[PDB]
>>> print(open('model-v6.pdb').read())   # PDB, C-alpha atoms and all ligand atoms
ATOM      1  CA  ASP Z  41     -71.236 -39.116  21.910  1.00  0.00           C
ATOM      2  CA  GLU Z  42     -71.966 -41.927  19.496  1.00  0.00           C
ATOM      3  CA  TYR Z  43     -69.956 -40.818  16.404  1.00  0.00           C
ATOM      4  CA  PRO Z  44     -67.439 -38.202  17.502  1.00  0.00           C
ATOM      5  CA  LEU Z  45     -65.405 -38.109  14.285  1.00  0.00           C
ATOM      6  CA  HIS Z  46     -68.535 -37.170  12.342  1.00  0.00           C
ATOM      7  CA  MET Z  47     -69.343 -34.301  14.720  1.00  0.00           C
ATOM      8  CA  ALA Z  48     -65.749 -33.053  14.535  1.00  0.00           C
ATOM      9  CA  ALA Z  49     -65.968 -33.208  10.728  1.00  0.00           C
ATOM     10  CA  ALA Z  50     -69.241 -31.289  10.724  1.00  0.00           C
ATOM     11  CA  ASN Z  51     -67.597 -28.608  12.874  1.00  0.00           C
ATOM     12  CA  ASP Z  52     -64.392 -28.344  10.809  1.00  0.00           C
ATOM     13  CA  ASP Z  53     -62.672 -29.035  14.162  1.00  0.00           C
ATOM     14  CA  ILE Z  54     -59.315 -30.181  12.860  1.00  0.00           C
ATOM     15  CA  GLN Z  55     -57.528 -30.438  16.233  1.00  0.00           C
ATOM     16  CA  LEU Z  56     -60.246 -32.799  17.415  1.00  0.00           C
ATOM     17  CA  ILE Z  57     -60.110 -34.719  14.124  1.00  0.00           C
ATOM     18  CA  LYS Z  58     -56.327 -35.087  14.546  1.00  0.00           C
ATOM     19  CA  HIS Z  59     -56.803 -36.485  18.023  1.00  0.00           C
ATOM     20  CA  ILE Z  60     -59.541 -38.960  16.985  1.00  0.00           C
ATOM     21  CA  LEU Z  61     -57.524 -40.168  13.999  1.00  0.00           C
ATOM     22  CA  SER Z  62     -54.599 -40.945  16.357  1.00  0.00           C
ATOM     23  CA  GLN Z  63     -56.754 -43.718  17.881  1.00  0.00           C
ATOM     24  CA  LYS Z  64     -56.211 -45.739  14.670  1.00  0.00           C
ATOM     25  CA  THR Z  65     -59.850 -46.774  14.161  1.00  0.00           C
ATOM     26  CA  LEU Z  66     -61.557 -46.930  10.793  1.00  0.00           C
ATOM     27  CA  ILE Z  67     -61.661 -43.531   9.132  1.00  0.00           C
ATOM     28  CA  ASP Z  68     -64.780 -44.429   7.174  1.00  0.00           C
ATOM     29  CA  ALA Z  69     -66.837 -45.654  10.127  1.00  0.00           C
ATOM     30  CA  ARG Z  70     -70.511 -44.988   9.364  1.00  0.00           C
ATOM     31  CA  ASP Z  71     -72.774 -42.945  11.630  1.00  0.00           C
ATOM     32  CA  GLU Z  72     -76.392 -43.899  12.395  1.00  0.00           C
ATOM     33  CA  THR Z  73     -77.419 -42.715   8.887  1.00  0.00           C
ATOM     34  CA  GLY Z  74     -74.740 -44.668   7.052  1.00  0.00           C
ATOM     35  CA  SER Z  75     -72.543 -41.597   6.357  1.00  0.00           C
ATOM     36  CA  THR Z  76     -68.787 -41.346   6.528  1.00  0.00           C
ATOM     37  CA  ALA Z  77     -67.134 -38.435   8.306  1.00  0.00           C
ATOM     38  CA  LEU Z  78     -65.672 -37.253   4.989  1.00  0.00           C
ATOM     39  CA  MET Z  79     -69.207 -37.217   3.507  1.00  0.00           C
ATOM     40  CA  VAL Z  80     -70.324 -35.063   6.483  1.00  0.00           C
ATOM     41  CA  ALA Z  81     -67.401 -32.656   5.936  1.00  0.00           C
ATOM     42  CA  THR Z  82     -68.082 -32.488   2.202  1.00  0.00           C
ATOM     43  CA  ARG Z  83     -71.776 -31.671   2.571  1.00  0.00           C
ATOM     44  CA  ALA Z  84     -70.724 -28.710   4.724  1.00  0.00           C
ATOM     45  CA  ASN Z  85     -67.881 -27.632   2.390  1.00  0.00           C
ATOM     46  CA  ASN Z  86     -65.487 -28.010   5.352  1.00  0.00           C
ATOM     47  CA  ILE Z  87     -62.336 -27.848   3.244  1.00  0.00           C
ATOM     48  CA  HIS Z  88     -59.825 -28.274   6.092  1.00  0.00           C
ATOM     49  CA  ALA Z  89     -61.585 -31.273   7.608  1.00  0.00           C
ATOM     50  CA  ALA Z  90     -62.004 -32.835   4.181  1.00  0.00           C
ATOM     51  CA  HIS Z  91     -58.280 -32.370   3.468  1.00  0.00           C
ATOM     52  CA  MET Z  92     -57.268 -34.022   6.737  1.00  0.00           C
ATOM     53  CA  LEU Z  93     -59.639 -36.965   6.207  1.00  0.00           C
ATOM     54  CA  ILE Z  94     -58.570 -37.455   2.587  1.00  0.00           C
ATOM     55  CA  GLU Z  95     -54.880 -37.316   3.467  1.00  0.00           C
ATOM     56  CA  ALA Z  96     -55.535 -39.970   6.138  1.00  0.00           C
ATOM     57  CA  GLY Z  97     -57.147 -42.258   3.524  1.00  0.00           C
ATOM     58  CA  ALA Z  98     -60.887 -41.638   3.649  1.00  0.00           C
ATOM     59  CA  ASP Z  99     -62.577 -43.112   0.552  1.00  0.00           C
ATOM     60  CA  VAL Z 100     -63.750 -40.359  -1.754  1.00  0.00           C
ATOM     61  CA  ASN Z 101     -66.060 -42.843  -3.472  1.00  0.00           C
ATOM     62  CA  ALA Z 102     -67.837 -44.191  -0.406  1.00  0.00           C
ATOM     63  CA  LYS Z 103     -71.581 -43.662  -0.830  1.00  0.00           C
ATOM     64  CA  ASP Z 104     -74.392 -42.499   1.417  1.00  0.00           C
ATOM     65  CA  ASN Z 105     -78.042 -43.542   1.374  1.00  0.00           C
ATOM     66  CA  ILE Z 106     -78.826 -41.243  -1.629  1.00  0.00           C
ATOM     67  CA  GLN Z 107     -75.786 -42.461  -3.656  1.00  0.00           C
ATOM     68  CA  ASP Z 108     -73.706 -39.353  -3.016  1.00  0.00           C
ATOM     69  CA  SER Z 109     -69.960 -39.684  -2.541  1.00  0.00           C
ATOM     70  CA  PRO Z 110     -67.553 -36.928  -1.536  1.00  0.00           C
ATOM     71  CA  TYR Z 111     -66.317 -36.672  -5.154  1.00  0.00           C
ATOM     72  CA  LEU Z 112     -69.806 -36.754  -6.723  1.00  0.00           C
ATOM     73  CA  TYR Z 113     -71.289 -34.253  -4.305  1.00  0.00           C
ATOM     74  CA  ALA Z 114     -68.325 -31.812  -4.488  1.00  0.00           C
ATOM     75  CA  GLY Z 115     -68.640 -31.818  -8.288  1.00  0.00           C
ATOM     76  CA  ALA Z 116     -72.423 -31.265  -8.236  1.00  0.00           C
ATOM     77  CA  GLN Z 117     -72.117 -28.414  -5.741  1.00  0.00           C
ATOM     78  CA  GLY Z 118     -69.094 -26.673  -7.249  1.00  0.00           C
ATOM     79  CA  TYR Z 119     -67.062 -27.282  -4.079  1.00  0.00           C
ATOM     80  CA  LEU Z 120     -63.979 -27.011  -6.186  1.00  0.00           C
ATOM     81  CA  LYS Z 121     -61.259 -27.141  -3.500  1.00  0.00           C
ATOM     82  CA  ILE Z 122     -62.645 -30.442  -2.128  1.00  0.00           C
ATOM     83  CA  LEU Z 123     -63.265 -31.711  -5.649  1.00  0.00           C
ATOM     84  CA  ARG Z 124     -59.605 -31.142  -6.604  1.00  0.00           C
ATOM     85  CA  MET Z 125     -58.557 -33.106  -3.509  1.00  0.00           C
ATOM     86  CA  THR Z 126     -60.770 -36.001  -4.531  1.00  0.00           C
ATOM     87  CA  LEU Z 127     -59.359 -35.975  -8.052  1.00  0.00           C
ATOM     88  CA  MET Z 128     -55.841 -36.384  -6.602  1.00  0.00           C
ATOM     89  CA  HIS Z 129     -56.989 -39.195  -4.234  1.00  0.00           C
ATOM     90  CA  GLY Z 130     -58.829 -41.772  -6.210  1.00  0.00           C
ATOM     91  CA  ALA Z 131     -62.069 -40.276  -7.507  1.00  0.00           C
ATOM     92  CA  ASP Z 132     -63.843 -42.879  -9.646  1.00  0.00           C
ATOM     93  CA  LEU Z 133     -64.676 -40.845 -12.704  1.00  0.00           C
ATOM     94  CA  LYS Z 134     -67.054 -43.596 -13.874  1.00  0.00           C
ATOM     95  CA  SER Z 135     -69.078 -43.413 -10.667  1.00  0.00           C
ATOM     96  CA  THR Z 136     -72.564 -42.096 -10.785  1.00  0.00           C
ATOM     97  CA  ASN Z 137     -75.003 -40.301  -8.503  1.00  0.00           C
ATOM     98  CA  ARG Z 138     -78.644 -41.286  -7.908  1.00  0.00           C
ATOM     99  CA  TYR Z 139     -79.643 -39.832 -11.302  1.00  0.00           C
ATOM    100  CA  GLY Z 140     -77.126 -42.039 -13.028  1.00  0.00           C
ATOM    101  CA  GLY Z 141     -74.984 -39.057 -13.814  1.00  0.00           C
ATOM    102  CA  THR Z 142     -71.297 -38.408 -13.552  1.00  0.00           C
ATOM    103  CA  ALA Z 143     -70.087 -35.456 -11.461  1.00  0.00           C
ATOM    104  CA  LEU Z 144     -69.877 -33.465 -14.693  1.00  0.00           C
ATOM    105  CA  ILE Z 145     -73.577 -33.537 -15.531  1.00  0.00           C
ATOM    106  CA  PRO Z 146     -74.794 -31.612 -12.404  1.00  0.00           C
ATOM    107  CA  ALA Z 147     -71.814 -29.251 -12.655  1.00  0.00           C
ATOM    108  CA  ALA Z 148     -72.972 -28.370 -16.174  1.00  0.00           C
ATOM    109  CA  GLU Z 149     -76.624 -28.233 -15.088  1.00  0.00           C
ATOM    110  CA  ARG Z 150     -75.825 -25.762 -12.354  1.00  0.00           C
ATOM    111  CA  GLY Z 151     -73.581 -23.537 -14.450  1.00  0.00           C
ATOM    112  CA  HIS Z 152     -70.393 -24.216 -12.469  1.00  0.00           C
ATOM    113  CA  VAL Z 153     -67.954 -23.268 -15.222  1.00  0.00           C
ATOM    114  CA  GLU Z 154     -64.621 -23.925 -13.448  1.00  0.00           C
ATOM    115  CA  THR Z 155     -65.942 -27.246 -12.079  1.00  0.00           C
ATOM    116  CA  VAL Z 156     -66.900 -28.255 -15.640  1.00  0.00           C
ATOM    117  CA  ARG Z 157     -63.450 -27.227 -16.878  1.00  0.00           C
ATOM    118  CA  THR Z 158     -61.798 -29.248 -14.102  1.00  0.00           C
ATOM    119  CA  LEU Z 159     -63.858 -32.373 -14.694  1.00  0.00           C
ATOM    120  CA  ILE Z 160     -63.315 -32.266 -18.440  1.00  0.00           C
ATOM    121  CA  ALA Z 161     -59.564 -31.973 -17.841  1.00  0.00           C
ATOM    122  CA  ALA Z 162     -59.646 -34.906 -15.426  1.00  0.00           C
ATOM    123  CA  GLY Z 163     -61.275 -37.187 -18.006  1.00  0.00           C
ATOM    124  CA  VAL Z 164     -64.908 -37.522 -16.974  1.00  0.00           C
ATOM    125  CA  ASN Z 165     -66.712 -38.940 -20.027  1.00  0.00           C
ATOM    126  CA  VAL Z 166     -68.414 -35.982 -21.699  1.00  0.00           C
ATOM    127  CA  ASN Z 167     -70.716 -38.371 -23.606  1.00  0.00           C
ATOM    128  CA  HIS Z 168     -72.181 -40.095 -20.534  1.00  0.00           C
ATOM    129  CA  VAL Z 169     -75.985 -40.251 -20.470  1.00  0.00           C
ATOM    130  CA  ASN Z 170     -77.846 -40.183 -17.126  1.00  0.00           C
ATOM    131  CA  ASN Z 171     -81.177 -41.863 -16.252  1.00  0.00           C
ATOM    132  CA  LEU Z 172     -83.115 -38.767 -17.360  1.00  0.00           C
ATOM    133  CA  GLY Z 173     -81.657 -39.470 -20.841  1.00  0.00           C
ATOM    134  CA  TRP Z 174     -79.492 -36.351 -20.620  1.00  0.00           C
ATOM    135  CA  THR Z 175     -75.818 -35.656 -21.216  1.00  0.00           C
ATOM    136  CA  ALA Z 176     -73.936 -32.698 -19.723  1.00  0.00           C
ATOM    137  CA  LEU Z 177     -74.508 -30.888 -23.033  1.00  0.00           C
ATOM    138  CA  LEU Z 178     -78.269 -31.501 -22.971  1.00  0.00           C
ATOM    139  CA  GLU Z 179     -78.611 -30.351 -19.370  1.00  0.00           C
ATOM    140  CA  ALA Z 180     -76.574 -27.220 -19.962  1.00  0.00           C
ATOM    141  CA  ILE Z 181     -79.036 -26.288 -22.738  1.00  0.00           C
ATOM    142  CA  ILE Z 182     -82.354 -27.452 -21.270  1.00  0.00           C
ATOM    143  CA  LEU Z 183     -81.720 -26.460 -17.650  1.00  0.00           C
ATOM    144  CA  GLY Z 184     -79.553 -23.388 -18.210  1.00  0.00           C
ATOM    145  CA  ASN Z 185     -80.712 -19.962 -19.359  1.00  0.00           C
ATOM    146  CA  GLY Z 186     -78.701 -19.732 -22.570  1.00  0.00           C
ATOM    147  CA  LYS Z 187     -76.502 -16.943 -21.175  1.00  0.00           C
ATOM    148  CA  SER Z 188     -72.864 -16.462 -20.086  1.00  0.00           C
ATOM    149  CA  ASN Z 189     -72.009 -19.471 -17.967  1.00  0.00           C
ATOM    150  CA  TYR Z 190     -74.034 -21.856 -20.050  1.00  0.00           C
ATOM    151  CA  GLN Z 191     -72.581 -20.639 -23.335  1.00  0.00           C
ATOM    152  CA  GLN Z 192     -69.104 -21.080 -21.782  1.00  0.00           C
ATOM    153  CA  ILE Z 193     -69.987 -24.641 -20.620  1.00  0.00           C
ATOM    154  CA  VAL Z 194     -71.413 -25.564 -24.049  1.00  0.00           C
ATOM    155  CA  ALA Z 195     -68.243 -24.269 -25.653  1.00  0.00           C
ATOM    156  CA  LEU Z 196     -66.034 -26.235 -23.235  1.00  0.00           C
ATOM    157  CA  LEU Z 197     -67.946 -29.483 -23.784  1.00  0.00           C
ATOM    158  CA  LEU Z 198     -67.905 -29.155 -27.562  1.00  0.00           C
ATOM    159  CA  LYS Z 199     -64.205 -28.227 -27.790  1.00  0.00           C
ATOM    160  CA  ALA Z 200     -63.394 -31.208 -25.536  1.00  0.00           C
ATOM    161  CA  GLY Z 201     -65.139 -33.522 -27.958  1.00  0.00           C
ATOM    162  CA  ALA Z 202     -68.674 -33.985 -26.724  1.00  0.00           C
ATOM    163  CA  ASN Z 203     -70.838 -35.451 -29.488  1.00  0.00           C
ATOM    164  CA  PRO Z 204     -73.245 -32.661 -30.475  1.00  0.00           C
ATOM    165  CA  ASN Z 205     -75.721 -35.174 -31.937  1.00  0.00           C
ATOM    166  CA  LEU Z 206     -76.514 -37.260 -28.843  1.00  0.00           C
ATOM    167  CA  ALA Z 207     -80.227 -36.610 -28.448  1.00  0.00           C
ATOM    168  CA  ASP Z 208     -82.559 -36.903 -25.443  1.00  0.00           C
ATOM    169  CA  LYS Z 209     -84.779 -39.959 -24.867  1.00  0.00           C
ATOM    170  CA  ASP Z 210     -87.441 -38.488 -27.120  1.00  0.00           C
ATOM    171  CA  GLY Z 211     -85.053 -37.969 -30.035  1.00  0.00           C
ATOM    172  CA  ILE Z 212     -84.703 -34.186 -29.606  1.00  0.00           C
ATOM    173  CA  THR Z 213     -81.190 -33.094 -30.430  1.00  0.00           C
ATOM    174  CA  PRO Z 214     -79.061 -30.426 -28.729  1.00  0.00           C
ATOM    175  CA  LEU Z 215     -79.506 -28.279 -31.867  1.00  0.00           C
ATOM    176  CA  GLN Z 216     -83.278 -28.536 -31.753  1.00  0.00           C
ATOM    177  CA  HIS Z 217     -83.305 -27.791 -28.047  1.00  0.00           C
ATOM    178  CA  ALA Z 218     -81.254 -24.651 -28.635  1.00  0.00           C
ATOM    179  CA  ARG Z 219     -83.417 -23.552 -31.580  1.00  0.00           C
ATOM    180  CA  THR Z 220     -86.697 -24.096 -29.704  1.00  0.00           C
ATOM    181  CA  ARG Z 221     -85.379 -21.796 -26.966  1.00  0.00           C
ATOM    182  CA  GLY Z 222     -83.919 -19.135 -29.251  1.00  0.00           C
ATOM    183  CA  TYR Z 223     -80.404 -19.605 -27.864  1.00  0.00           C
ATOM    184  CA  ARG Z 224     -78.549 -18.135 -30.803  1.00  0.00           C
ATOM    185  CA  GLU Z 225     -75.015 -18.328 -29.392  1.00  0.00           C
ATOM    186  CA  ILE Z 226     -75.418 -21.956 -28.334  1.00  0.00           C
ATOM    187  CA  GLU Z 227     -76.953 -22.756 -31.789  1.00  0.00           C
ATOM    188  CA  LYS Z 228     -73.917 -21.315 -33.532  1.00  0.00           C
ATOM    189  CA  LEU Z 229     -71.513 -23.223 -31.292  1.00  0.00           C
ATOM    190  CA  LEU Z 230     -73.390 -26.466 -31.960  1.00  0.00           C
ATOM    191  CA  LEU Z 231     -73.480 -25.954 -35.761  1.00  0.00           C
ATOM    192  CA  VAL Z 232     -69.740 -25.399 -36.042  1.00  0.00           C
ATOM    193  CA  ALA Z 233     -69.243 -28.619 -33.974  1.00  0.00           C
ATOM    194  CA  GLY Z 234     -71.251 -30.579 -36.591  1.00  0.00           C
ATOM    195  CA  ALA Z 235     -74.645 -30.557 -34.947  1.00  0.00           C
ATOM    196  CA  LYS Z 236     -77.592 -31.697 -36.982  1.00  0.00           C
TER     197      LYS Z 236
HETATM  198 CL    CL Z 301     -64.644 -24.189  -3.031  1.00  0.00          CL
HETATM  199 CL    CL Z 302     -76.916 -36.163 -13.114  1.00  0.00          CL
HETATM  200 CL    CL Z 303     -67.285 -23.837 -10.432  1.00  0.00          CL
END
>>> encode(input="model-v6.pdb", output="structure tokens")
Amino acid sequence: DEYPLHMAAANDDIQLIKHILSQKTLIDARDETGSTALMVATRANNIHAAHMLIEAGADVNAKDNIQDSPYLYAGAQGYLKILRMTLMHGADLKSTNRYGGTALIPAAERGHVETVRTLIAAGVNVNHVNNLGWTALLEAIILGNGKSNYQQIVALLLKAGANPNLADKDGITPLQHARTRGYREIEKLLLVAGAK
């Protein structure tokens, strides 16, 4: 077919991938959509194919036509095994998705606690503001449900040093957002971090 590495990647077919890679052509060849084979594997959470492609030098920061990269997408989706691989193989922690967010912001949004922990530890900037005017902290409050995972993510962000006073575009602070929603645990965490 036209793009056999991409199909092999979609299928997690690592014997076929091994054979194609032995031909010594460009690992990041684009298919008809502009996607790399590693991007195809990552969208599918095909851990084994992603590992083989990454070890062979596929660029974890190459982008597709919606500004996803393997690193960015694995972080947003909580595909933590692939994400860890990307972090060991050149993830650009300053890179941003189509919303202008780091990988950390969607991980927080979606309540992916261990992905948040991992990204904090790696050094993603906790104070980054996306093109919705939101930080990881703001999204965890506004787009979470105030429970369990989101309390844990708030706590992680604040202990790591996220500024609790970085407000949304309209000047509404994390503290006000928590108060408006009656999120008492998150309010208390914010106040001890110096929120106003
Ligand atoms: Cl996973
Ligand atoms: Cl984002
Ligand atoms: Cl997670």
>>> resolve_selection(input="model-v6.pdb", expression="the PyMOL selection byres (((chain Z and resi 150) around 9) and not hetatm)", output="list in words")
residues 116, 117, 118, 145, 146, 147, 148, 149, 151, 152, 153, 179, 180, 183, 184 and 190 of chain Z
>>> resolve_selection(input="model-v6.pdb", expression="the PyMOL selection byres (((not hetatm)) within 12 of (chain Z and resi 302))", output="PyMOL selection string")
chain Z and resi 107-108+112-113+115-117+135-150+168-180+183
>>> write_last_selection(input="model-v6.pdb", atoms="C-alpha atoms", output="PDB file, in the coordinates of the input")
ATOM      1  CA  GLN Z 107     -75.786 -42.461  -3.656  1.00  0.00           C
ATOM      2  CA  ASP Z 108     -73.706 -39.353  -3.016  1.00  0.00           C
ATOM      3  CA  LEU Z 112     -69.806 -36.754  -6.723  1.00  0.00           C
ATOM      4  CA  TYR Z 113     -71.289 -34.253  -4.305  1.00  0.00           C
ATOM      5  CA  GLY Z 115     -68.640 -31.818  -8.288  1.00  0.00           C
ATOM      6  CA  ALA Z 116     -72.423 -31.265  -8.236  1.00  0.00           C
ATOM      7  CA  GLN Z 117     -72.117 -28.414  -5.741  1.00  0.00           C
ATOM      8  CA  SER Z 135     -69.078 -43.413 -10.667  1.00  0.00           C
ATOM      9  CA  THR Z 136     -72.564 -42.096 -10.785  1.00  0.00           C
ATOM     10  CA  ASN Z 137     -75.003 -40.301  -8.503  1.00  0.00           C
ATOM     11  CA  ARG Z 138     -78.644 -41.286  -7.908  1.00  0.00           C
ATOM     12  CA  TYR Z 139     -79.643 -39.832 -11.302  1.00  0.00           C
ATOM     13  CA  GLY Z 140     -77.126 -42.039 -13.028  1.00  0.00           C
ATOM     14  CA  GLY Z 141     -74.984 -39.057 -13.814  1.00  0.00           C
ATOM     15  CA  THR Z 142     -71.297 -38.408 -13.552  1.00  0.00           C
ATOM     16  CA  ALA Z 143     -70.087 -35.456 -11.461  1.00  0.00           C
ATOM     17  CA  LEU Z 144     -69.877 -33.465 -14.693  1.00  0.00           C
ATOM     18  CA  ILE Z 145     -73.577 -33.537 -15.531  1.00  0.00           C
ATOM     19  CA  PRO Z 146     -74.794 -31.612 -12.404  1.00  0.00           C
ATOM     20  CA  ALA Z 147     -71.814 -29.251 -12.655  1.00  0.00           C
ATOM     21  CA  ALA Z 148     -72.972 -28.370 -16.174  1.00  0.00           C
ATOM     22  CA  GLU Z 149     -76.624 -28.233 -15.088  1.00  0.00           C
ATOM     23  CA  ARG Z 150     -75.825 -25.762 -12.354  1.00  0.00           C
ATOM     24  CA  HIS Z 168     -72.181 -40.095 -20.534  1.00  0.00           C
ATOM     25  CA  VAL Z 169     -75.985 -40.251 -20.470  1.00  0.00           C
ATOM     26  CA  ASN Z 170     -77.846 -40.183 -17.126  1.00  0.00           C
ATOM     27  CA  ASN Z 171     -81.177 -41.863 -16.252  1.00  0.00           C
ATOM     28  CA  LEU Z 172     -83.115 -38.767 -17.360  1.00  0.00           C
ATOM     29  CA  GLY Z 173     -81.657 -39.470 -20.841  1.00  0.00           C
ATOM     30  CA  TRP Z 174     -79.492 -36.351 -20.620  1.00  0.00           C
ATOM     31  CA  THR Z 175     -75.818 -35.656 -21.216  1.00  0.00           C
ATOM     32  CA  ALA Z 176     -73.936 -32.698 -19.723  1.00  0.00           C
ATOM     33  CA  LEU Z 177     -74.508 -30.888 -23.033  1.00  0.00           C
ATOM     34  CA  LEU Z 178     -78.269 -31.501 -22.971  1.00  0.00           C
ATOM     35  CA  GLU Z 179     -78.611 -30.351 -19.370  1.00  0.00           C
ATOM     36  CA  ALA Z 180     -76.574 -27.220 -19.962  1.00  0.00           C
ATOM     37  CA  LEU Z 183     -81.720 -26.460 -17.650  1.00  0.00           C
TER      38      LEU Z 183
END
>>> residues_around(input="model-v6.pdb", residues="range 92-97 of chain Z", least_positions_apart="5", cutoff="8 Å", atoms="only C-alpha atoms", output="list in words")
residues 54, 57, 58, 67, 77, 78, 125, 126 and 129 of chain Z
>>> closest_residue(input="model-v6.pdb", among="Z:189, Z:86, Z:73, Z:158", to="ligand CL 301 (chain Z)", atoms="only C-alpha atoms and all ligand atoms")
Z:86
>>> closest_atom_pairs(input="model-v6.pdb", of="chain Z", to="ligand CL 301 (chain Z)", cutoff="8 Å", atoms="only C-alpha atoms and all ligand atoms", output="CSV")
residue,atom,partner,partner_atom,distance
Z:85,CA,Z:CL301,CL,7.2
Z:87,CA,Z:CL301,CL,7.6
Z:118,CA,Z:CL301,CL,6.6
Z:119,CA,Z:CL301,CL,4.1
Z:120,CA,Z:CL301,CL,4.3
Z:121,CA,Z:CL301,CL,4.5
Z:122,CA,Z:CL301,CL,6.6
>>> closest_residue(input="model-v6.pdb", among="Z:236, Z:221, Z:185, Z:164", to="residue 201 in chain Z", atoms="all atoms listed in the file")
Z:164
>>> axis_aligned_box(input="model-v6.pdb", around="range 97-100 of chain Z", padding_each_side="5 Å", output="AutoDock Vina command-line options")
--center_x -60.4 --center_y -41.7 --center_z 0.9 --size_x 16.6 --size_y 12.8 --size_z 15.4
>>> build_atoms(input="model-v6.pdb", residues="range 216-231 of chain Z", atoms="N, CA, C and O atoms", output="PDB file, in the coordinates of the input")
ATOM      1  N   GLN Z 216     -81.866 -28.856 -31.839  1.00  0.00           N
ATOM      2  CA  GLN Z 216     -83.278 -28.536 -31.753  1.00  0.00           C
ATOM      3  C   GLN Z 216     -83.645 -27.887 -30.428  1.00  0.00           C
ATOM      4  O   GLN Z 216     -84.406 -26.930 -30.393  1.00  0.00           O
ATOM      5  N   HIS Z 217     -83.092 -28.406 -29.337  1.00  0.00           N
ATOM      6  CA  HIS Z 217     -83.305 -27.791 -28.047  1.00  0.00           C
ATOM      7  C   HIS Z 217     -82.887 -26.335 -28.013  1.00  0.00           C
ATOM      8  O   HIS Z 217     -83.582 -25.478 -27.435  1.00  0.00           O
ATOM      9  N   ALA Z 218     -81.736 -26.031 -28.582  1.00  0.00           N
ATOM     10  CA  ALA Z 218     -81.254 -24.651 -28.635  1.00  0.00           C
ATOM     11  C   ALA Z 218     -82.174 -23.783 -29.498  1.00  0.00           C
ATOM     12  O   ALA Z 218     -82.504 -22.630 -29.142  1.00  0.00           O
ATOM     13  N   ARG Z 219     -82.572 -24.308 -30.644  1.00  0.00           N
ATOM     14  CA  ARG Z 219     -83.417 -23.552 -31.580  1.00  0.00           C
ATOM     15  C   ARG Z 219     -84.773 -23.252 -30.949  1.00  0.00           C
ATOM     16  O   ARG Z 219     -85.307 -22.156 -31.085  1.00  0.00           O
ATOM     17  N   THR Z 220     -85.386 -24.248 -30.303  1.00  0.00           N
ATOM     18  CA  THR Z 220     -86.697 -24.096 -29.704  1.00  0.00           C
ATOM     19  C   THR Z 220     -86.699 -22.959 -28.667  1.00  0.00           C
ATOM     20  O   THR Z 220     -87.715 -22.314 -28.464  1.00  0.00           O
ATOM     21  N   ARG Z 221     -85.555 -22.775 -28.006  1.00  0.00           N
ATOM     22  CA  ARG Z 221     -85.379 -21.796 -26.966  1.00  0.00           C
ATOM     23  C   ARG Z 221     -84.819 -20.478 -27.469  1.00  0.00           C
ATOM     24  O   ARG Z 221     -84.738 -19.511 -26.681  1.00  0.00           O
ATOM     25  N   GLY Z 222     -84.477 -20.369 -28.747  1.00  0.00           N
ATOM     26  CA  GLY Z 222     -83.919 -19.135 -29.251  1.00  0.00           C
ATOM     27  C   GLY Z 222     -82.533 -18.800 -28.747  1.00  0.00           C
ATOM     28  O   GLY Z 222     -82.151 -17.640 -28.686  1.00  0.00           O
ATOM     29  N   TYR Z 223     -81.757 -19.816 -28.401  1.00  0.00           N
ATOM     30  CA  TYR Z 223     -80.404 -19.605 -27.864  1.00  0.00           C
ATOM     31  C   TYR Z 223     -79.401 -19.504 -29.005  1.00  0.00           C
ATOM     32  O   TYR Z 223     -78.869 -20.510 -29.475  1.00  0.00           O
ATOM     33  N   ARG Z 224     -79.215 -18.285 -29.508  1.00  0.00           N
ATOM     34  CA  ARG Z 224     -78.549 -18.135 -30.803  1.00  0.00           C
ATOM     35  C   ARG Z 224     -77.083 -18.460 -30.712  1.00  0.00           C
ATOM     36  O   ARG Z 224     -76.497 -19.086 -31.611  1.00  0.00           O
ATOM     37  N   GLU Z 225     -76.440 -18.057 -29.609  1.00  0.00           N
ATOM     38  CA  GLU Z 225     -75.015 -18.328 -29.392  1.00  0.00           C
ATOM     39  C   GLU Z 225     -74.758 -19.842 -29.293  1.00  0.00           C
ATOM     40  O   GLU Z 225     -73.858 -20.366 -29.979  1.00  0.00           O
ATOM     41  N   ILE Z 226     -75.555 -20.527 -28.457  1.00  0.00           N
ATOM     42  CA  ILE Z 226     -75.418 -21.956 -28.334  1.00  0.00           C
ATOM     43  C   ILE Z 226     -75.687 -22.671 -29.687  1.00  0.00           C
ATOM     44  O   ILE Z 226     -74.979 -23.598 -30.051  1.00  0.00           O
ATOM     45  N   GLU Z 227     -76.717 -22.214 -30.452  1.00  0.00           N
ATOM     46  CA  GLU Z 227     -76.953 -22.756 -31.789  1.00  0.00           C
ATOM     47  C   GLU Z 227     -75.708 -22.669 -32.674  1.00  0.00           C
ATOM     48  O   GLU Z 227     -75.351 -23.633 -33.354  1.00  0.00           O
ATOM     49  N   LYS Z 228     -75.098 -21.498 -32.683  1.00  0.00           N
ATOM     50  CA  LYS Z 228     -73.917 -21.315 -33.532  1.00  0.00           C
ATOM     51  C   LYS Z 228     -72.765 -22.198 -33.102  1.00  0.00           C
ATOM     52  O   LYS Z 228     -72.112 -22.808 -33.952  1.00  0.00           O
ATOM     53  N   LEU Z 229     -72.526 -22.316 -31.791  1.00  0.00           N
ATOM     54  CA  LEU Z 229     -71.513 -23.223 -31.292  1.00  0.00           C
ATOM     55  C   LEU Z 229     -71.748 -24.660 -31.673  1.00  0.00           C
ATOM     56  O   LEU Z 229     -70.824 -25.364 -32.086  1.00  0.00           O
ATOM     57  N   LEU Z 230     -73.005 -25.113 -31.584  1.00  0.00           N
ATOM     58  CA  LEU Z 230     -73.390 -26.466 -31.960  1.00  0.00           C
ATOM     59  C   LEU Z 230     -73.156 -26.722 -33.453  1.00  0.00           C
ATOM     60  O   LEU Z 230     -72.634 -27.763 -33.869  1.00  0.00           O
ATOM     61  N   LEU Z 231     -73.606 -25.789 -34.297  1.00  0.00           N
ATOM     62  CA  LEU Z 231     -73.480 -25.954 -35.761  1.00  0.00           C
ATOM     63  C   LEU Z 231     -72.013 -26.082 -36.180  1.00  0.00           C
ATOM     64  O   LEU Z 231     -71.697 -26.952 -36.970  1.00  0.00           O
TER      65      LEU Z 231
END
